[PDB]
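All of the numbers you see were taken from the coordinates with simple rules; none came from a lab. Cβ atoms come from the backbone with ideal geometry, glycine included; neighbour counts cover every protein chain shown.
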Amino acid sequence: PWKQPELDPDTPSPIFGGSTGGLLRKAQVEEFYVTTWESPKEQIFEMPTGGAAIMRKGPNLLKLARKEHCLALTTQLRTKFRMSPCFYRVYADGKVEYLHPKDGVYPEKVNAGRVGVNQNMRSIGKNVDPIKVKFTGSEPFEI
Amino acid sequence: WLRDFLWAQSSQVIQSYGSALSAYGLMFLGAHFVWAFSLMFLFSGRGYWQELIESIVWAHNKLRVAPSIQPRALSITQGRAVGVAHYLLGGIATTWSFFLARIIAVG
Amino acid sequence: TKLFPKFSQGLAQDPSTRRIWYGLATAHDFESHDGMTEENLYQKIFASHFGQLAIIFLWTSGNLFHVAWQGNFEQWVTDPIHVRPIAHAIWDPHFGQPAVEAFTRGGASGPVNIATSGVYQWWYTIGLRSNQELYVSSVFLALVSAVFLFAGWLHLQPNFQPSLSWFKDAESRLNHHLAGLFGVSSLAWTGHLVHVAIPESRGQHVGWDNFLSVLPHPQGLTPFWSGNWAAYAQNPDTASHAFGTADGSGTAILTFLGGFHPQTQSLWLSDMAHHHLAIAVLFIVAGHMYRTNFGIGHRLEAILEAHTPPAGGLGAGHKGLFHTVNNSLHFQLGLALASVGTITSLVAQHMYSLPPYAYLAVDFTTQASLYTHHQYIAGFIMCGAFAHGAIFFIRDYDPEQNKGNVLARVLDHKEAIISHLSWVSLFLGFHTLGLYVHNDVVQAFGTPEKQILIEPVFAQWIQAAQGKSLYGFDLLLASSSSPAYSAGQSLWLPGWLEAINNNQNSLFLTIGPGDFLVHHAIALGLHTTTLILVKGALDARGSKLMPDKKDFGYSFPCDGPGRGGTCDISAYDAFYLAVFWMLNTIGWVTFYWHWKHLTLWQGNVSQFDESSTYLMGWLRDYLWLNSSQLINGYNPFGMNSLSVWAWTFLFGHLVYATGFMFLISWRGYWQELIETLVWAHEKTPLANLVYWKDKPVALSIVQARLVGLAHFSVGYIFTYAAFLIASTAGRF
Amino acid sequence: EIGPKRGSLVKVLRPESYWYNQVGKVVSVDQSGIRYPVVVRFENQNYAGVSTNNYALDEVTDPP
Amino acid sequence: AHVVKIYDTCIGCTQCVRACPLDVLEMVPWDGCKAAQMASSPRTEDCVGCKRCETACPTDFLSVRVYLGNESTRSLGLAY
Amino acid sequence: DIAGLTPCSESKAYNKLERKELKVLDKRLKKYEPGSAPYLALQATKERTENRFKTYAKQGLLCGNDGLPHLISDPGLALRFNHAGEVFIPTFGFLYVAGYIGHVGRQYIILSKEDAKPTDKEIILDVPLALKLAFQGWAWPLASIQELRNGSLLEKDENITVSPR
Amino acid sequence: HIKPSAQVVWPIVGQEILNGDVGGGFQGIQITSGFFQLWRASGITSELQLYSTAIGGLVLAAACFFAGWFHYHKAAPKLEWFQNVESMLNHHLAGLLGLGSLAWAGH
Ligand code: CLA
Ligand code: CLA
Ligand code: CLA
Ligand code: CLA
Ligand code: CLA
Ligand SMILES: CC1=C(/C=C/C(C)=C/C=C/C(C)=C/C=C/C=C(C)/C=C/C=C(C)/C=C/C2=C(C)CCCC2(C)C)C(C)(C)CCC1
Ligand SMILES: CC1=C(C/C=C(\C)CCC[C@H](C)CCC[C@H](C)CCCC(C)C)C(=O)c2ccccc2C1=O
Ligand code: SF4
Ligand code: SF4
């Protein structure tokens, strides 16, 4: 966004019961993902890995073992309540990463501030045959 | 189990021909057919069948019998449904024919 | 980061259990290996070919050693019609006391296994008599296997690895292999036959101690330096002759009587001697054809580019095709595998009718197992040939290199080829199933005369042209006034006619309407398998549903649920679906062979003639009648030597059903179940201390199809081999 | 102005397209100078489900 | 991880980025289409290959292409 | 007497099969009174059996070593010998009807394609045009030959969807 | 001594062998549903009573189809009518099951 936000350790979490679907040993060994949002009131949502949880009026915090869970929760919140949340990634050593838009106005928009990457100016099907790139290590679509 | 139930019995189904219960043998073999025919819709997928349908569409396009409705392969859920339906129908009719012929020719 | 996949660094980065399976599956896919050039790829293939040669020679050396040790080869030599062959002894410590007793077959002491491989007949035919000679053969083949392994190790060191152009030498490789690998090899084979097997079949022992003191022919090479080769065919073996002695025998090394031996029911040894000598001479002559360093010879690209018919019949003809075959190894592999499968099918169709080994026709289960084995080998090699042709079409095929040639024009109208193959397959299946069901129901109503019996007139007409006088057709070589009969009337006609008019042998059996129907069902199976394999090969690089199939590799799962669904869209998936039809087709041909030959051996050929028309009779008199002895292997009242065969039958059923387990269910329900098992192991007392290093993941979709096909084919082969061997060996 | 007439029947020669050697109706041609300004509508859907597609100038000729 | 490529046939309905529940695709300004937009894949290492963008792609052939291979702990969708 | 098959009129196994079928059919006749309706049905079945055995004989049909009649498939051999009724004339008999269905399907496809939203016509059939084409398809090979020469039957592949290989 | 039979085939194409000798001077398909046992438990003597039962069943089937047409097209109940779960349970416990059990006990 205008300034990259850093998540606060103090923020509360929604009330929930014990769910078997949740954080695993991959949270300890490898990285895990953290989702934050600011609420207007107390509403009931469904976690992507568990049941139903009543969320807190104000800031909130969710920990998800996968980024797909984080974006599923994000899409659910945006569809149901026009919520617009954001999620992060927390590594094993404590490193924090920001994957939800670095530009801040979502991938649906453009913002004229990001550079085209992995884009081919040729048409699909105009790529060369694999014989022409044989024993080179480069795929026809990677050119 | 095999020798003393499925082979000790079913000797009347195979020799049912020329008798009152020959239709049970016909039903048995048709059930074998349908049970075996289901494994196409179970093992296979859709892309190969869609490409074969494309070739058949080209064949019908060459001499202008192209249907207005585009021929498409069955959906993946549709293919699974056809496979399980044919498999269940074949197995049920197989056991039905075998049980009825054995219990009629003996009991 | 691991290093178990050394050829693939990316596969080593996979932290799941998929790394081990993909590392094992892509172990010898050198073309997709990381950092591999063409020359090193060819060198690795050379080393692997040497390794396969060493493995083959070690396996046959072990077969020789095991036969010489635990077999009854001397007892088989003394009495072939009575004493059974023995493969290896059975030392299974889980065997019971009745189990040890019930497997001392063939007049042995310990538990032994009856050999159905046919090596006893073959080794008795080629003059091997004592087990000392088999021991020497085993140690010599072990030595040559070690030599081949050393040579494979030899061509991997510096200053010994051949260059890329050495492998790409097309004319000289063909010249040398045709002249030497076939020509002088066949010449040495017929020389060994004439030196050893011809005197050993006439009571004269020829060995390394006295082969320089004995002579093959009494004329002593005077016919060869002169022109009088007719002296070698002057006194052939008479009808009343035994293969172990010299009762009424003659001194002839090259003859062409034709037919079969009256006693051994096999082709004459001198017939095969002149056959391999003529083949050797012809192959040595044909091996001096292609162009080498000398100024004479033929160039392959010149012949390919010259053979372009005018008026645009084949477009550019065969131009630009030499580099296509040379640069693409998959084209050469597919051509080699196609020819190998065709030759294997020819071998299967030709040993049974023309037995080349003494007392092979008497051993019914041996002939049946040999036929079924080589037929399934031929079919699998066919499927591999078509799959590797598809691999050629997707991996290394340049339309710009060969534009307008036969390959580009075949790819031009591929839809027409696929559609016509589909039409002929649909038409054959529709009509064949129509008459089979029609004759089934007509037989069910107690009136079997109403069934449609289409008499095979074309094949019986051919048989009459080949000498079968049972059908009464006035044809050439069957009438005495025909020029075909007069040509060769004193050469091999009275032997071939006597062999083909005798119904006791397997030479050109009489065929009825059921034979015709099962032949057209076999044609339907071949046609449908050809249809799917050809369609997968032509659609390997592009299709209307997915033009960019060449960019996704040969073996990829799918493209997704978009565009209606793209399941099993790869040419690998076409091969995987075609293996089932291959298994069904070879099952059909082996069912036909086994039932017809079983009814011939039992003497009731009328039962097969009147029962192979309708499928219920097929089932009742093949799968039910012949399985009575199979399932009684370990009956609770009594157990006999067929216990391994019933156990193997049920084993094949179980592995077939496990193939069904992998084939019906797909990955995506299994991943969630494995995730629940992961939560079970990770989150339990006394077992959370033990943790996996490779993450348990479900089998990938391509891997799922491969393992389902593997269990399917393994169970299929094992259960059919068990049933066939048990059914043939229980009665005889 | 730079492309075919609006509403005219045209033939698509794009190889990878589903409508190769087919006849479609022009619905709009862009004049802004884009990669594929000729937008056409087809009577028969593709496998995805859409019925309209855009092509370049060299991929569109009048059918005979 | 997997390789996601976007070709010039894209015309920008900004719907392929909504169908991807992994934040792999992003939209950059462009000039080769009426909408002046073009799909881009900055976080291509976070893609699993679910091909939902291919289902959402309306062009024939598809502007966005996802190629499988070289799987990792994030592209395999394991939470363990 | 071709391919070692005796005629059905002079075959011993054919008559033995007829005697066996008459024996089992008359076995069920002893369990019913002659004035019953199952007796009449069994009598009609026996009459149909005797009529079928009589008509299958003396018609050029032949059989060999089984008592079950055989069919000759080779043309010419089925023309020099009286065997064209087995498969030779049924071949043209089926092809006439097979070409009948293909022709009326082609004419209906062509007629429906020159109409607005032709996909609806496949699921919403029209009776008067289909029945008119059904009764105007007797001369199917005459319509097929004339369309073959002039290009209306076929179509050049420049308007035919072809694979992108 | 007489096997049950309630399906009679036509003599059209070889099906006369399916009319098995079930005894009692009758030929037909030997049935397996056990309807004869049910018609012996529920006291039924002649075919007139079975004809009356069949005609009454046809009349009630026409009444049920007319009831479906009426209760959808002519007089469709509202959602609150279907949501009366207590009335549904009471009427299908005491009414349907209880009334049918008492009527069958009386019969
Ligand atoms: C006597 C006159 C004569 C005749 C009869 C021929 C005849 C022929 N020549 Mg020719 N020739 C002539 C004069 C003549 N030539 C002269 C003066 C020259 C100049 C020296 C040549 C030079 C020449 C060359 C250089 C070549 C030929 C070849 C051929 C053969 C192939 C023709 C062709 O285009 O493929 C046929 C046309 C096609 C379009 C092919 C269609 C094939 C279909 C699609 C396959 C159908 C498969 C089907 C499913 C099979 C079913 C079987 C079932 C069991 C399943 C053909 C037999 C070619 C050859 O050797 O081929 C054998 C070749 O390379 N000719
Ligand atoms: C024994 C079981 C069985 C049977 C009967 C078939 C039959 C068929 N498969 Mg096959 N297949 C099977 C198992 C089987 N498959 C298995 C296990 C696999 C592995 C996945 C495959 C893989 C496979 C592939 C990959 C392909 C086939 C194809 C075919 C067709 C070949 C054309 C032919 O022979 O003429 C027709 C054969 C028939 C047996 C006719 C069946 C129809 C009869 C007339 C009954 C029709 C219904 C009847 C009139 C009653 C109507 C009412 C009823 C519908 C309720 C045919 C429909 C090919 C195909 O479809 O291309 C054209 C093809 O490409 N199959
Ligand atoms: C001598 C002939 C020959 C040669 C040189 C090759 C060589 C090759 N093929 Mg080909 N192929 C052949 C025969 C041959 N194949 C045959 C006969 C078939 C049909 C079965 C195939 C089918 C085939 C396919 C479908 C594919 C190849 C591929 C390959 C490549 C790598 C395969 C490999 O080594 O992985 C090593 C593989 C393993 C070690 C796995 C072994 C598991 C086996 C097959 C299962 C057997 C079942 C069972 C477990 C056996 C034991 C019985 C049990 C009861 C104990 C390589 C270029 C692949 C390729 O090019 O990569 C994209 C590919 O996709 N081939
Ligand atoms: C009358 C319409 C019609 C016509 C002229 C054709 C013509 C053709 N088809 Mg097609 N086909 C049709 C309908 C038609 N088909 C339908 C409805 C289906 C879906 C079941 C198929 C499925 C099909 C396949 C799967 C294949 C063909 C193939 C073929 C070719 C071989 C000839 C043949 O008998 O195929 C055999 C055709 C069938 C077995 C389909 C029978 C279905 C019935 C008979 C069609 C009913 C149409 C209806 C009565 C017309 C309405 C009449 C009107 C007055 C209302 C030929 C180009 C083959 C090919 O590519 O050859 C090059 C091929 O592999 N067709
Ligand atoms: C005591 C009263 C009574 C009785 C006997 C029934 C009986 C029945 N109800 Mg119920 N129902 C009732 C009150 C009653 N209902 C009330 C008060 C409500 C509103 C809460 C409903 C709402 C309701 C729903 C929403 C449904 C039923 C259905 C059914 C049928 C279930 C089929 C079955 O199990 O096989 C038993 C089958 C038979 C006994 C066959 C004979 C059927 C006869 C003709 C019905 C006669 C009973 C009827 C109440 C008589 C008065 C109707 C009058 C206007 C003619 C069954 C006939 C299902 C249905 O649609 O079927 C109609 C269904 O889905 N019921
Ligand atoms: C996919 C593909 C592929 C493959 C293919 C294949 C696999 C094939 C096969 C094929 C085959 C498998 C073929 C076969 C053929 C055969 C033939 C061609 C034969 C002939 C014969 C004859 C001609 C004979 C004659 C005769 C004589 C001589 C004697 C007796 C009589 C008679 C007359 C019969 C490749 C690699 C190319 C690549 C591309 C793609
Ligand atoms: C065979 C097959 C097909 C092809 C099958 C198709 C297109 C369905 C064909 C249905 C036919 C047209 C129904 C009618 C059948 C006959 C025409 C009826 C004849 C009746 C007589 C009286 C003439 C798939 O599409 C498929 C999809 C997904 C998984 C597996 C498979 C699969 O196995
Ligand atoms: S394959 Fe799935 S995760 Fe990857 S870019 Fe497409 S929609 Fe997103
Ligand atoms: S779905 Fe496809 S065409 Fe549409 S904006 Fe995305 S990449 Fe472009």
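Some observations on this one:
- Being surrounded by 10 or more Cβ atoms within 10 Å (Cβ to Cβ), more than 16 Å from ligand 9 (Cβ to nearest atom), under 30 Å from residue G:6 (Cα atoms) and away from chain F (no Cβ under 14 Å) is a condition met by no residue of segment G:70-90.
- Residue within segment A:117-134 that is within 21 Å of the chain's Cα centre (by Cα) and assigned to a loop (DSSP other than H, G, I, E, B) present: yes
- Selection from segment C:369-401 of residues that are away from chain A (no Cβ under 14 Å) and either touching a strand residue (DSSP E or B) at 6+ places or on another chain (Cβ under 9 Å) or within 11 Å of ligand 6 (Cβ to nearest atom) (or both): C:378, C:381, C:382, C:383, C:384, C:385, C:386, C:387, C:388, C:389
- Checked against (1) in contact (Cβ under 8 Å) with a residue 40 or more places away in the chain; (2) part of a helix (DSSP H, G or I), residue F:60 meets all criteria but (2).
- When residue B:70 is tested against (1) more than 9 Å from chain C (Cβ to nearest Cβ); (2) surrounded by fewer than 18 Cβ atoms within 10 Å (Cβ to Cβ); (3) part of a helix (DSSP H, G or I); (4) not hydrophobic (A, V, I, L, M, F, W, C), exactly one condition is not met: (3).
- When residues of segment C:523-556 are limited to those that are more than 25 Å from residue A:131 (Cβ to Cβ), hydroxyl-bearing (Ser, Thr, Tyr) and surrounded by fewer than 24 Cβ atoms within 10 Å (Cβ to Cβ), the one nearest to the other protein chains (Cβ to nearest Cβ): C:528
- In segment C:143-166, the residues that are under 15 Å from residue C:45 (Cβ atoms) and touching a residue at least 12 places away in the same chain (Cβ under 8 Å) form Cβ pairs under 7 Å with partners that are charged (D, E, K, R) and part of a helix (DSSP H, G or I), at six or more places apart or across chains, as follows: C:163/C:39; C:164/C:38; C:164/C:39.
- Each residue in segment E:1-20 was checked for being within 7 Å of chain A (Cβ to nearest Cβ) and touching a strand residue (DSSP E or B) at 6+ places or on another chain (Cβ under 9 Å), and 9 pass.
- Among the residues listed as C:127, C:110, the single one being within 15 Å of residue C:641 (Cβ to Cβ), not aliphatic (A, V, I, L, M) and not in a helix (DSSP H, G or I): C:110
- Evaluated against (1) within 15 Å of residue F:160 (Cβ to Cβ); (2) within 13 Å of ligand 2 (Cβ to nearest atom), residue B:49 falls short on exactly one condition, (1).
- Those residues of segment B:40-60 which are of a type outside the set (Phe, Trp, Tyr) and more than 9 Å from chain C (Cβ to nearest Cβ), in sequence order: B:53
- Segment C:96-119: number of residues that are out of contact with any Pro (no Cβ under 7 Å at 6 or more places or on another chain), of a type outside the set (S, T, N, Q) and on the phi < 0 side of the Ramachandran plot: 11
- Residue, nearest to the other protein chains (Cβ to nearest Cβ), within segment C:36-74, restricted to residues that are in contact (Cβ under 8 Å) with a residue 24 or more places away in the chain and not in a helix (DSSP H, G or I): C:36
- The sole residue among C:380, C:386, C:331, C:364 that is under 23 Å from residue C:536 (Cα atoms), of a type in the set (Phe, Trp, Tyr) and more than 11 Å from ligand 3 (Cβ to nearest atom) is C:331.
- Looking across C:718, C:723, C:712, one residue alone is more than 16 Å from ligand 3 (Cβ to nearest atom) and more than 17 Å from residue E:78 (Cβ to Cβ). It is C:723.
- Filter result for residue F:86 (within 11 Å of another protein chain (Cβ to nearest Cβ), of a type outside the set (A, V, I, L, M) and loosely packed, with under 12 Cβ neighbours inside 10 Å): no
- Helices (runs of 4 or more DSSP H) within segment C:590-667 that include 2 or more residues within 26 Å of the chain's Cα centre (by Cα): C:643-664
- Residues of segment C:525-538 that are among the aliphatic types (A, V, I, L, M) and away from ligand 1 (no atom under 13 Å from the Cβ): C:532, C:533, C:537, C:538.
- Qualifying residue in segment C:518-529 (condition: over 30 Å from residue C:479 (Cβ atoms) and not in a helix (DSSP H, G or I)): no
- Only one of F:25, F:17, F:42 that is touching a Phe, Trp or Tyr at 6+ places or on another chain (Cβ under 8 Å) and closer than 26 Å to residue G:9 by Cβ: F:42
- Test result for residue E:63, of a type in the set (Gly, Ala, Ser), within 13 Å of chain C (Cβ to nearest Cβ), away from ligand 5 (no atom under 16 Å from the Cβ) and crowded, with 20+ Cβ neighbours inside 10 Å: yes
- From the list D:35, D:14, D:41, the lone residue that is within 25 Å of residue A:121 (Cα to Cα) and under 9 Å from the mean Cα position of the chain (by Cα) is D:41.
- For segment C:92-106, the criterion of being under 25 Å from the mean Cα position of the chain (by Cα) and among the small types (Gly, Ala, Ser) is met by no residue.
- Failed item in (1) within 16 Å of ligand 7 (Cβ to nearest atom); (2) part of a loop (DSSP other than H, G, I, E, B), with residue B:16 passing the rest: (1)
- 2 or more residues surrounded by 14 or more Cβ atoms within 10 Å (Cβ to Cβ): qualifying strands (runs of 3 or more DSSP E) within segment A:1-79: A:32-38, A:59-64
- Filter result (away from chain A (no Cβ under 14 Å) and either within 16 Å of ligand 8 (Cβ to nearest atom) or in contact (Cβ under 8 Å) with a residue 12 or more places away in the chain (or both)) within segment C:304-321: C:304, C:305, C:314, C:315, C:316, C:317, C:318, C:319, C:321
- Odd one out for residue E:59, checked against (1) β-branched (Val, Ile, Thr); (2) closer than 21 Å to residue A:123 by Cα; (3) near ligand 8 (Cβ under 10 Å from one of its atoms): (3)
- Residue check for residue E:52: more than 7 Å from every other protein chain (Cβ to nearest Cβ), more than 16 Å from ligand 1 (Cβ to nearest atom) and either farther than 30 Å from residue D:13 by Cβ or of a type in the set (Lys, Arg) (or both): yes
- You will find that of C:231, C:188, the residue that is in contact with a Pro (Cβ under 7 Å, 6 or more places away or on another chain) and either small (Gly, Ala, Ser) or under 21 Å from residue C:277 (Cα atoms) (or both) is C:231 and no other.
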